[PDB]
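Worksheet: one structure, shown below.
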Amino acid sequence: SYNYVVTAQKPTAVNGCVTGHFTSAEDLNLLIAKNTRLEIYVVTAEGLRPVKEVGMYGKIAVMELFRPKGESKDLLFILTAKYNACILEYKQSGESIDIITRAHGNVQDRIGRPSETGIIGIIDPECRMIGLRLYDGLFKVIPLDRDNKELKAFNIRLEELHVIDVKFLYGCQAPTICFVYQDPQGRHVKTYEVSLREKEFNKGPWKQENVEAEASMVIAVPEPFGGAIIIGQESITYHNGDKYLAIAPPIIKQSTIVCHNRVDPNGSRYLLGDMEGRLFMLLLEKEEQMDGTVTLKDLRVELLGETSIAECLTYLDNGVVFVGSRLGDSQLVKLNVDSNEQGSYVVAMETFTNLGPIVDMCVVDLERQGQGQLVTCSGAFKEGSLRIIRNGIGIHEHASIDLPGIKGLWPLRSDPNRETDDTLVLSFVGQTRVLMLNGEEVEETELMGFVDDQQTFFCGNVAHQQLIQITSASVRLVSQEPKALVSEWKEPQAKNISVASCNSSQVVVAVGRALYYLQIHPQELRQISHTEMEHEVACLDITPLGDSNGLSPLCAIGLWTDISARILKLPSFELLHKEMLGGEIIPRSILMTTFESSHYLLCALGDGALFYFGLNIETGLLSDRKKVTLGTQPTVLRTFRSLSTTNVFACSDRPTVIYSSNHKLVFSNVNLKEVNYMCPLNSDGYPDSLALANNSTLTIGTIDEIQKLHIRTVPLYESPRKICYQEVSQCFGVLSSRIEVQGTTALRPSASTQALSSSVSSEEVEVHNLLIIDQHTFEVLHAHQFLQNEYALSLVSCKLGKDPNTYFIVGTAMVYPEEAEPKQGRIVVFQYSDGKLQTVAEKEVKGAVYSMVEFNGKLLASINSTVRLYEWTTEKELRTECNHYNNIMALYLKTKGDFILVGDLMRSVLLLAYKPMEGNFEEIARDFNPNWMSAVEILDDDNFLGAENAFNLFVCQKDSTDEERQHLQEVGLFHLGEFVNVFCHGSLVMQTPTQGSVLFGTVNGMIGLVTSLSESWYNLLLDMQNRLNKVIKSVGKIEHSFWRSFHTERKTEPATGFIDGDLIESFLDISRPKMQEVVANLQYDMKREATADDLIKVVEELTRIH
Ligand SMILES: COc1ccc(-c2nc([C@H]3CCNC3)no2)cc1
């Protein structure tokens, strides 16, 4: 098996968050862990400024900042889920930012079952040690000597086997842990000192205490309080020596508090977040003492308001809180001293997309044909949603004029008072036209000073309240009031101008090979200098960059013949830098531009190639050449603003926006047909807009947010579970569940209680529903509620037998507390007609209906340990045809032709065939290796894909004996690092090295793709990986091969049959010399030594598949 796996959407769920001074001594930073990704921000009064985002070869399990004695700057400790430990430092060497690994090592033990309650990692306030709870009964200590670069550790026996939480205390002479543990006698809090000298615990400073039965979190309180707060379900207690204070506030009893964060450095106030998204303030009241110590007088809890359900909370000063969510969108909120109308102190400032968990999804061509969109069931509880995801950036067209032959567009302010454009100047072969803008009206008009009988190459507002028009014949300077020609420049023999560039006070024009530099003065075009280039000029730019006061010391130029992009000094025209771009196709557009504070040269060729380089605006040096391909026609580049950010629109057959993300250039398709020319337009009637032209038409519209994927959110206010599309009804079916309390009563309104119409089947509880949702408005048209204690598990939309209706079919389970698994459930066939669901037929079965699939006009269903095929009879009932029994728990089905792939709870996958001339199933083959499955997919007749609970993928094949024949072989293995809930065939790209397309959705909201490769392609890419791994410096010095090794509690093996597309794609981001190392000696097709250029082309083809 040869497979390739790549990220289409990175994990969005927030697994943890910390604050401190990491980037510099005086920066306040927010660090966010999104599984495999670490995001670093500087906190401002403006908000969060992104400075650096890195990938780890690992799932981040522990992330803590700490400050070694007498240092100005925090270091970062990370532990991965595979027990990779590192200490990281942030270093900025001028422009370049580097994460350096100061220490690393793997801290796994040989014997050890991972603690069921997870990895805990803590660091003592005096930075003497890191403490890790990895396994029950052991506490691992890493001394923080500067010498301990390998992070060598020792284990201490911990008598208490079941630790709930642990922290290091402040204000202690020896490092001291405080922890809650559980035994038969209940829950207790205890302390121990940790002796480095003895490598053992010593007696803690205070005696143990019994605590609440559901005590779950330990907070170490800084000086001057010291001590610990213990949070439980109905109590909050403070402990410190012969000091004990407890409160039992009813207000917290409704929902478990699951996260905390310190507001005040001295511990006077904490935030607390619960499972329903309530946000509390915990206040510690001080009492003075004669000896000048400070003790705790009392504790209070106050309800502040509501946030997203928080996985973590981080106070960012000035009343600002970052709410990191796993189950909904993350937020920035503000806390105010005074409450609002409805009584909340919490006001939301910003919302960040989280797709996670993705519990189901499907692919549908909603709008066009051939343009797939992903529709997910996302989130949980009050955060549950549908998310609709599609590639590319949209334009909202607001005007359309038929007007062929446009050769350029320029906006103009004809009134020197008003700030908005009021004029659009259009060029045509040998002619110019001026459109005036009065509101939404676009009237043809003249404009005194400008000529209409020459083609315009540039026109604009310029210095000293003047306008400029540059044509093939001359440069014309025009006064604003009144409009009159005040100056006109011509070449000495009045030869044609061939190329024009202009800013507010400078002009460079070309005449064949000649260049002329003019300055714009009051009533004067002043000729400053001229030169003769070695070849004919193709293109020019003099865009001023940086702190430049609108003046460029640089001229960028592209030439014929040598195909060079050059940087020249003005006024002398001295050559500062030359780059030969190769080939025999001339540069067509060149642009100096700034993205996220870094300066670049862009240069586009007529064949669709785009080169880009770092530009030093001081020396004129170009560096770090990169090349993408943006189409096959000449590309024309032009800056525009939207949402207070400068970007570049690339006009071609493939219109593109160029922008920056994490200080790397990014290229995103615009969803339009061919655009030939554009300009920004910001007029009264068309504010913050774009004017667009093709061969026949002028358009004016606004642009969506600049990003790779557009996401629409449909709030449900309850948990979505499964989704299916029903084309004939133009709706989705969505299974959903809401929580109600002890009959039962609801916590808030939600999709299933707010449908247009409703039907019903004739502690906290789940109430399950089938929602019918309109595909255009996403309005809830109908909700059908299932029986009390009925859980809806599976859903399909299909036709059966000879019946022409399409039905929604739901499989359920009746859930009773004492049952190990369900012994009762239903299959229900519904028809959606006239705005309601009618129940057409039912069938009681003796188990949970985990999975259903349409199979050759029949209904395949898995019921507990049985796989069953039903026929749909002429009297509209389901009738069993055949059964398969050899499963533990058949959770997952997929089919292809007569083949059925079965995913088991614990015995991996199994391949059935229906035998149409015997009316029964045959077991073809089974994977005899145990695996705890989460999802399955058929890649093709011979290849079966599985995902399992320890975040691995594998691929099974038949072994091309007869006892031998029924053994599936695991021929592919890969540690993905995500939990796959759903696989589905399809693509987000409009319909090569790869064949097939399978998308997957995950708990962290990551979306991935799996596709197939030939042996040949695999071998090349495998070889590339090995070379890439030798040159790339990895954060924490984790080996890529270690990261991607298949890993469960049973077995660890190198990955095989799987290319890591994220790694391959990173090839485009290394330095050109590194690309040479990577390239040196490797075959490529009959055969030859491959070049860096060859590989850039290949990797580009591979980015196109998502
Ligand atoms: C195992 O524990 C440790 C603790 C601290 C360091 C360390 N401190 C530093 C300082 C000096 C220059 N940069 C910050 N660089 O590494 C290394 C390993």
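Chain identifiers are assigned as A, B, and so on, following the order in which chains appear in the structure tokens; residues are numbered from 1 within each chain, and ligands are numbered from 1 in order of appearance.
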
Legend entry - Selection near region 457-474 of chain A, 9 Å with only C-alpha atoms, sequence-local residues under 6 positions removed, as a ChimeraX atom specification: /A:407-414,416,425,427,430,449-451,480-481,483,488-491,494-506,509,520-523

Legend entry - Exercise: residue 856 (chain A) partners within 9 Å, only C-alpha atoms, chain neighbours under 4 positions left out, as a PyMOL selection string: chain A and resi 800-801+897-898

Legend entry - Computed interatomic separation between CA of residue 559 (chain A) and CA of residue 528 (chain A) (Å): 22.1 Å

When you look at region 828-844 of chain A with a cut-off of 10 Å (counting only C-alpha atoms), what residues show up, excluding the ones that are within fewer than 3 positions of it in the same chain? I need them as a CSV table (one decimal) with N, CA, C and O atoms, in the first residue's frame.
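That gives us out-v6.csv:
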chain,number,residue,atom,x,y,z
A,726,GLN,N,-30.1,14.9,1.8
A,726,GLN,CA,-31.2,14.3,1.0
A,726,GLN,C,-31.5,15.3,-0.1
A,726,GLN,O,-32.3,16.2,0.0
A,728,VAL,N,-33.3,15.1,-2.9
A,728,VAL,CA,-34.6,15.3,-3.4
A,728,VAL,C,-35.4,16.2,-2.5
A,728,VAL,O,-36.3,16.9,-3.0
A,729,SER,N,-35.1,16.4,-1.2
A,729,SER,CA,-35.8,17.3,-0.3
A,729,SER,C,-35.0,18.6,-0.1
A,729,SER,O,-35.6,19.5,0.5
A,731,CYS,N,-32.6,19.2,1.8
A,731,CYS,CA,-32.4,19.4,3.2
A,731,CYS,C,-31.3,18.4,3.6
A,731,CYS,O,-31.0,17.5,2.9
A,733,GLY,N,-30.5,15.9,7.0
A,733,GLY,CA,-31.0,15.3,8.2
A,733,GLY,C,-29.8,15.3,9.3
A,733,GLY,O,-28.7,15.0,8.9
A,756,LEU,N,-39.9,24.6,13.0
A,756,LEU,CA,-41.1,25.1,12.5
A,756,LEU,C,-42.3,24.2,13.0
A,756,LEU,O,-43.3,24.7,13.5
A,757,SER,N,-42.1,22.9,12.7
A,757,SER,CA,-43.1,21.9,13.3
A,757,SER,C,-42.3,20.8,14.0
A,757,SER,O,-41.1,20.7,13.8
A,758,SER,N,-43.0,20.0,14.8
A,758,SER,CA,-42.5,19.0,15.6
A,758,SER,C,-43.3,17.7,15.6
A,758,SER,O,-44.6,17.8,15.4
A,759,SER,N,-42.7,16.6,15.7
A,759,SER,CA,-43.3,15.3,15.9
A,759,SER,C,-42.6,14.6,17.1
A,759,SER,O,-41.5,14.9,17.4
A,760,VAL,N,-43.3,13.5,17.7
A,760,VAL,CA,-42.7,12.8,18.8
A,760,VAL,C,-43.0,11.3,18.5
A,760,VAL,O,-44.0,11.0,18.0
A,761,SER,N,-42.1,10.4,18.9
A,761,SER,CA,-42.4,9.0,18.8
A,761,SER,C,-43.5,8.6,19.9
A,761,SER,O,-43.4,9.1,21.0
A,770,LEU,N,-34.2,13.9,15.5
A,770,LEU,CA,-33.8,14.0,14.1
A,770,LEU,C,-34.3,15.4,13.6
A,770,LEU,O,-35.5,15.7,13.6
A,771,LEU,N,-33.3,16.3,13.3
A,771,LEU,CA,-33.6,17.6,12.8
A,771,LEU,C,-33.6,17.6,11.2
A,771,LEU,O,-32.8,16.9,10.6
A,772,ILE,N,-34.6,18.2,10.6
A,772,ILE,CA,-34.6,18.4,9.2
A,772,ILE,C,-34.3,19.9,8.9
A,772,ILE,O,-35.0,20.8,9.4
A,781,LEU,N,-36.6,23.0,9.9
A,781,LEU,CA,-37.9,22.9,9.4
A,781,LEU,C,-38.8,22.0,10.3
A,781,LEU,O,-39.9,22.3,10.5
A,782,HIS,N,-38.2,20.9,10.8
A,782,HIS,CA,-38.9,19.9,11.5
A,782,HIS,C,-37.9,19.3,12.5
A,782,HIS,O,-36.7,19.1,12.2
A,783,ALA,N,-38.5,18.9,13.7
A,783,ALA,CA,-37.8,18.1,14.6
A,783,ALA,C,-38.7,16.9,15.1
A,783,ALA,O,-39.8,17.2,15.5
A,784,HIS,N,-38.1,15.7,15.0
A,784,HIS,CA,-38.8,14.5,15.5
A,784,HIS,C,-38.0,14.0,16.8
A,784,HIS,O,-36.8,13.7,16.7
A,795,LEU,N,-27.7,7.1,10.9
A,795,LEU,CA,-28.6,7.8,10.0
A,795,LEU,C,-28.1,7.6,8.6
A,795,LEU,O,-27.0,7.6,8.3
A,796,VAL,N,-29.1,7.4,7.7
A,796,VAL,CA,-28.9,7.3,6.3
A,796,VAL,C,-30.1,8.0,5.6
A,796,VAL,O,-31.1,8.1,6.2
A,797,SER,N,-29.8,8.5,4.4
A,797,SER,CA,-30.9,8.9,3.4
A,797,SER,C,-30.7,8.0,2.2
A,797,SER,O,-29.6,8.0,1.6
A,805,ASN,N,-39.6,6.4,-3.3
A,805,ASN,CA,-39.4,7.4,-2.2
A,805,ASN,C,-38.0,7.3,-1.7
A,805,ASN,O,-37.4,6.3,-1.6
A,806,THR,N,-37.4,8.5,-1.3
A,806,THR,CA,-36.2,8.6,-0.5
A,806,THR,C,-36.6,8.8,0.9
A,806,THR,O,-37.4,9.7,1.2
A,807,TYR,N,-36.0,8.0,1.8
A,807,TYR,CA,-36.3,8.0,3.2
A,807,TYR,C,-35.1,8.4,4.1
A,807,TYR,O,-34.0,8.2,3.7
A,808,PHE,N,-35.4,9.0,5.2
A,808,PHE,CA,-34.5,9.1,6.3
A,808,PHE,C,-34.7,7.9,7.2
A,808,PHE,O,-35.8,7.7,7.7
A,809,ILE,N,-33.6,7.2,7.5
A,809,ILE,CA,-33.6,6.0,8.3
A,809,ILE,C,-32.7,6.2,9.5
A,809,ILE,O,-31.5,6.5,9.3
A,810,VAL,N,-33.2,5.9,10.7
A,810,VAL,CA,-32.5,6.1,11.9
A,810,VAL,C,-32.4,4.8,12.7
A,810,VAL,O,-33.4,4.1,12.8
A,811,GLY,N,-31.2,4.5,13.2
A,811,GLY,CA,-30.9,3.4,14.1
A,811,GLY,C,-30.7,3.9,15.5
A,811,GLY,O,-30.0,4.9,15.7
A,812,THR,N,-31.3,3.2,16.5
A,812,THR,CA,-31.3,3.7,17.8
A,812,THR,C,-30.9,2.6,18.8
A,812,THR,O,-30.7,1.4,18.4
A,813,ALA,N,-30.8,3.0,20.1
A,813,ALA,CA,-30.6,2.1,21.2
A,813,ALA,C,-31.3,2.6,22.4
A,813,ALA,O,-31.4,3.8,22.6
A,824,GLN,N,-31.9,-3.6,23.5
A,824,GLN,CA,-33.1,-3.2,22.7
A,824,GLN,C,-32.7,-1.9,21.9
A,824,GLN,O,-32.0,-1.1,22.4
A,825,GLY,N,-33.3,-1.9,20.7
A,825,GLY,CA,-33.2,-0.6,19.9
A,825,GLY,C,-34.2,-0.7,18.7
A,825,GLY,O,-35.0,-1.7,18.6
A,847,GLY,N,-30.8,-4.8,20.2
A,847,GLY,CA,-29.5,-4.2,20.5
A,847,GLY,C,-29.4,-2.8,19.9
A,847,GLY,O,-30.3,-2.3,19.3
A,875,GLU,N,-44.7,-4.3,0.9
A,875,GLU,CA,-45.6,-3.8,1.9
A,875,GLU,C,-44.9,-2.8,2.9
A,875,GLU,O,-45.3,-2.5,4.0
A,876,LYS,N,-43.7,-2.3,2.4
A,876,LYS,CA,-42.9,-1.3,3.2
A,876,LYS,C,-42.6,-1.7,4.6
A,876,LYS,O,-42.9,-1.0,5.5
A,877,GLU,N,-42.0,-2.9,4.7
A,877,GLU,CA,-41.3,-3.3,6.0
A,877,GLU,C,-39.9,-3.8,5.6
A,877,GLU,O,-39.7,-4.1,4.5
A,878,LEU,N,-39.1,-3.8,6.7
A,878,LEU,CA,-37.8,-4.4,6.6
A,878,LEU,C,-37.8,-5.9,6.9
A,878,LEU,O,-38.3,-6.2,8.0
A,879,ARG,N,-37.2,-6.7,6.1
A,879,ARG,CA,-37.2,-8.2,6.2
A,879,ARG,C,-35.7,-8.6,6.2
A,879,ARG,O,-35.1,-8.4,5.2

Inset, instruction - Taking only C-alpha atoms and all ligand atoms into account, report as JSON, numbers by chain which residues have an atom no farther than 7 Å from an atom of ligand 1. - result: {"A": [68, 71, 87, 89, 102, 103, 143, 144, 145, 146, 147, 148, 149, 151]}
